[PDB]
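Enquirer: Structure here, sequence nowhere to be found:
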């Protein structure tokens, strides 16, 4: 069962990353570290948790018996390769990879994946074993298998079976293909969500649509965003299912602000409390704050910040220090006035920015041309 | 189903009236627009903000 | 002076030229051509003719006696069949047809609609059609 | 020019006054190799196709066993078969079974369209069955798939 | 063609429901479709036809 | 890309800081 094997990574990250602040989740992982997992990492948590007692007893006792059940159809192929078909038949490891990749530990299961890569040249089972290997890379947070084999998964087996296998290459989102860069590639792959019904991977399709609507905020401001998230049947259906995330979206699309900040705090309640917090969600919270200030600051040339406080919430001095950080950071182009409480904005006309961009690009091109001229003819 | 249709037609006729009244002006006050439309300052202000956005 | 001689070689253009179809190119400034008189030839090409104008067996002009490639015509010159002009529209309105909306709408989406929406076929996989064949009882 | 490089079916140029061979023009293409019968890596079904299980067993015992067991045929002294005829209503496993058999026998799959576009140059069929078989003799252990059209 | 050149011939019947569903699953591969299509329901939806 | 590509900010104090300001004296007595 390598397709349900992602329970390993799913519940092991549901505890093991928030295990610094998870009490009942330790007890949740207790009946799944022993009862159904791959191998000897069921010990491993004693380096973080207590010494463990009972898992030494049973887990070895089954496993050697499972190794005693690993003769299986290998010897049956030894008495079944007497037929001279291919010097092989679909009885042995090629039909026994479920144990050695489900129960095999990655130090040996990687070799088991290589063993069942020496297999039939059928593209379907090969693509399945590559998706199994990508999930096995996501088991232990290796961050090299999910880099290497994803090129194999997307490009190398791209000769057939397409337009229906492509809903299994959706794992390239949140994986080494899509890191904390929660931007155009990740949101473009997430926006190809033409499905409602579950297909394992991340579980609980509501969590998938919350991830899609979380990456949609950092995706676009409003270039045709109203069609792709607001005006869609299935996304509005699950927004009817999930009320607070719908509040988070509609406090920005309706430009209401204020309560949007409250929704941000609610998003904070699951920004880091999920499994995927080993990279930080600071480049999401700060980006959302800058996005909200950009959509407020547009269509207001001379806005008093006393209006801005009541528009966004509280914190007049908080508004002052936030803009003082963000303007001089480089984004959010305006010029705040400390006296007279005016926040005046300036925007470059589209002849000066284009002039600067032409000058810079032409400078690097003329430098490259002169370097190429110096390479030849001495 | 007249509620959603009437609300939508109300909104489109609102923005059509606001784009109709604003053609002669160049630097009008929002108070004159609010008095001519017989609505409050805040709804007019947020509607023009949504129109620019 | 080369620009003078480039204009000077245009004497061989003259006016009574036969019309042929270019076929394939052999080497530089020398190719084969198929005359419309019936026979096939291996001629020389003037250097004044650009090589951009020849590809999909375009209509060309050949000399009478020397029978060499001289001129390149506009891409349709001899076809012996004309278009539907502008006065040959047979004045039958769409609303004149009654009770064919199950097939009037079908033939409308099978002709003018994939001009714009051609990428929608590729992202779904219908392999968009080229022709449509109508049939039925006579009348 | 030289006599030995002149072959059948190559375009040549003749002079105007007395027909002497001026220059051998390059040929454009061999027509069958231009439209050449595409060799594919055989994407089988992995034999899950139910209902044709009797056809699976029959095609196994009929065509696969000579490829896998030359020793059995040599020991029994049975001449190995060459061809297999398939018939029935259209759509009922015409090309699918051949693809699955070709992939499971570890051989490449060649499909011959060859209906009437080949025979436009009347005798190209007389070379179509030649060069095709040449590639099927030179490429690998493989099978040849050919349709009703020969009877046509 | 019988002596030496060709050999035994294999018939083919009209397809059953299982082969119909297999043919439908094969021909729905290269098509961007929704999940949960329930191709068995489409297989029992029409009574009987060719491939 | 490691874990954060480049740039970012290392203030180590901005973690829903507006919610802390709203908690700071009850949003300054709800100004």
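Expert: Yep, that arrived. Residues are numbered from 1 along each chain as shown, chains lettered A, B, ... in the order given.
Enquirer: How about residue A:301, nearest residue that isn't a chain neighbour?
Expert: residue A:345 (6.1 Å; C-beta to C-beta, 6 or more residues apart in numbering or on different chains). C-betas here are computed from N, CA, C, even on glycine.
Enquirer: Can you verify my assumption that the one you found contacts residue A:300?
Expert: Yes. Assessed by C-beta atoms under 8 Å, residue A:345 is found in contact with residue A:300 at 7.2 Å.
Enquirer: Next, the contact list for the spatially most central residue of chain F, please.
Expert: Central residue of chain F (C-alpha atoms, centre = their mean): residue F:14, 2.4 Å from the mean position. Counting by C-beta atoms under 8 Å, 6 or more residues apart in numbering or on different chains, residue F:14 makes contact with A:282, A:285, A:286.
Enquirer: and the residue in the stretch 251-378 of chain A positioned nearest to chain D, how many residues sit next to it?
Expert: The nearest approach of the stretch 251-378 of chain A to chain D comes at residue A:275, 35.3 Å away (C-beta to the nearest C-beta). For residue A:275, the count of nearby residues is 15 (other C-beta atoms under 10 Å in any protein chain shown).
Enquirer: Would you mark the buried spots in stretch A:27-47?
Expert: For stretch A:27-47, the neighbour count (16 or more other C-beta atoms under 10 Å in any protein chain shown) marks A:29, A:32, A:33, A:34, A:37, A:38, A:39, A:41, A:42, A:45 as buried.
Enquirer: Which two of those have the greatest separation?
Expert: A:29 and A:39 (15.7 Å; C-beta to C-beta).
Enquirer: Where do the strands of the chain begin and end?
Expert: As the question left the chain open, I've gone with chain A. A:302-304, A:335-336, A:342-344 (DSSP state E).
Enquirer: nope, chain C please
Expert: So, for chain C - with DSSP E - the strands run C:18-27, C:30-35, C:40-44, C:59-62, C:69-72.
Enquirer: Following the chain onward from the helix ranked longest in chain D, which element is next?
Expert: In chain D, with assignment by DSSP state H, the single longest helix is helix D:124-138. Toward the C-terminus, helix D:124-138 is succeeded by strand D:142-146 as the next helix or strand (DSSP states H and E).
Enquirer: Give me the sheet partners of that next one and which way each runs.
Expert: In the sheet, strand D:142-146 lines up against strand D:108-112 (parallel) (DSSP bridges).
Enquirer: In the stretch 201-350 of chain A, which residue sits closest to chain B?
Expert: For the stretch 201-350 of chain A, C-beta to the nearest C-beta, closest residue to chain B: residue A:299, 3.7 Å.
Enquirer: Name the nearest residue to the most centrally placed residue in chain E, ignoring sequence neighbours.
Expert: What sits nearest the mean C-alpha location of chain E, by C-alpha atoms, centre = their mean, is residue E:23, with 3.2 Å. Leaving aside its sequence neighbours, residue E:23 sits nearest to residue E:51 (C-beta to C-beta, 6+ apart; 5.0 Å).
Enquirer: For stretch B:2-15, which outside residues touch it?
Expert: With C-beta under 8 Å, 6+ apart, stretch B:2-15 has contacts from B:47, B:51.
Enquirer: now stretch B:33-48
Expert: So stretch B:33-48 is contacted by A:255, A:299, B:14, B:15, B:17, B:18, B:21, B:22, B:30, B:31 (C-beta under 8 Å, 6+ apart).
Enquirer: out of those residues, which is most surrounded?
Expert: residue A:255 (17 neighbours).
Enquirer: Pretty sure that one sits against residue B:53.
Expert: Yes. Between residue A:255 and residue B:53 there is a contact under C-beta under 8 Å: 6.4 Å.
Enquirer: Could you name every residue contacting both of those two?
Expert: residue A:295.
Enquirer: ok, which stretches of chain E are strands?
Expert: Going by DSSP E, chain E shows strands at E:9-10.
Enquirer: neighbours around the residue in it that chain A sits nearest to, how many?
Expert: With C-beta to the nearest C-beta, the shortest gap between chain E and chain A falls at residue E:36, namely 3.9 Å. By other C-beta under 10 Å, the residues close to residue E:36 number 10.
Enquirer: One more: residue B:7?
Expert: 10.
Enquirer: Torsion angles phi and psi at it?
Expert: When quoted as degrees, to the nearest 10, the phi and psi of residue B:7 stand at phi -70, psi -40.
Enquirer: how close does it sit to chain F?
Expert: 33 Å (C-beta to the nearest C-beta, to the nearest Å).
Enquirer: And the next helix or strand past the host helix or strand of residue B:20?
Expert: Using DSSP H and E, residue B:20 sits in helix B:2-21. Following helix B:2-21 in sequence order, the next helix or strand is helix B:30-37 (DSSP H and E).
Enquirer: Measure how that following helix sits relative to helix B:2-21, angle-wise.
Expert: 130 degrees (axes from the mean of the first three to the mean of the last three C-alpha atoms, to 10 degrees).
Enquirer: can you pull the buried residues of helix B:30-37?
Expert: B:33, B:34.
Enquirer: Next secondary structure after that helix?
Expert: helix B:41-52.
Enquirer: All the helices of chain F, in order from the start?
Expert: F:17-23, F:25-30.
Enquirer: And the first one, what does it pack against?
Expert: Which is helix F:17-23. Applying 3 or more C-beta pairs under 8 Å, 6 or more residues apart in numbering or on different chains; DSSP states H and E, one finds that helix F:17-23 makes contact with helix A:259-268, helix A:316-329.
Enquirer: Mind doing that once more with 10 Å?
Expert: Other elements packing on helix F:17-23 under the criterion 3 or more C-beta pairs under 10 Å, 6 or more residues apart in numbering or on different chains; DSSP states H and E are helix A:259-268, helix A:282-297, helix A:316-329, helix F:25-30.
Enquirer: What sits closest to residue B:51 if chain neighbours are left out?
Expert: Distance criterion C-beta to C-beta, 6+ apart; nearest residue to residue B:51, sequence neighbours excluded, is residue B:15 at 6.5 Å.
Enquirer: residues in contact with the closest residue in space to residue A:186 that isn't next to it in sequence?
Expert: Computed as C-beta to C-beta, 6+ apart, the closest residue to residue A:186 that is not its neighbour in sequence is residue A:178, at 3.8 Å. Contact analysis of residue A:178 by C-beta atoms under 10 Å, 6 or more residues apart in numbering or on different chains lists A:171, A:172, A:185, A:186, A:187, A:188, A:189, A:190, A:215.
Enquirer: Tell me, how many residues neighbour the first one?
Expert: Neighbours of residue A:171 under the rule other C-beta under 10 Å: 20.
Enquirer: circling back: spit out the residues that contact residue A:345 and residue A:300 alike.
Expert: residue A:334.
Enquirer: Of the contacts of residue A:178, keep whichever come out buried.
Expert: A:171, A:172, A:186, A:187, A:189, A:190, A:215.
Enquirer: Excluding residues flanking it in the chain, which one is nearest the second one?
Expert: I take that to be residue A:172. Of all residues not flanking residue A:172 in the chain, residue A:150 sits nearest, at 5.9 Å (C-beta to C-beta, 6+ apart).
Enquirer: okay, now the one you found: neighbour count?
Expert: 20.
Enquirer: My guess is it contacts residue A:143. True?
Expert: No. In terms of C-beta atoms under 10 Å, residue A:150 does not count as a neighbour of residue A:143; the distance is 11.5 Å.
Enquirer: Next, show the common contact partners of these two.
Expert: A:137, A:175, A:176.
Enquirer: Just among those, which is most surrounded?
Expert: residue A:137 (23 neighbours).
Enquirer: Is there a neighbour count for the residue nearest to that residue when sequence neighbours are not counted? I'd like the number.
Expert: Residue nearest to residue A:137 in three dimensions, not counting chain neighbours: residue A:145, with 3.1 Å by C-beta to C-beta, 6+ apart. By the measure other C-beta under 10 Å, the count of residues near residue A:145 is 20.
Enquirer: circling back: who touches the residue of chain E closest to chain A in this structure?
Expert: Per C-beta under 10 Å, 6+ apart, neighbours of residue E:36: A:195, A:196, A:197, A:198, A:199.
Enquirer: Just the buried ones among these, please.
Expert: For the contacts of residue E:36, buried by 16+ other C-beta under 10 Å: A:195, A:196.
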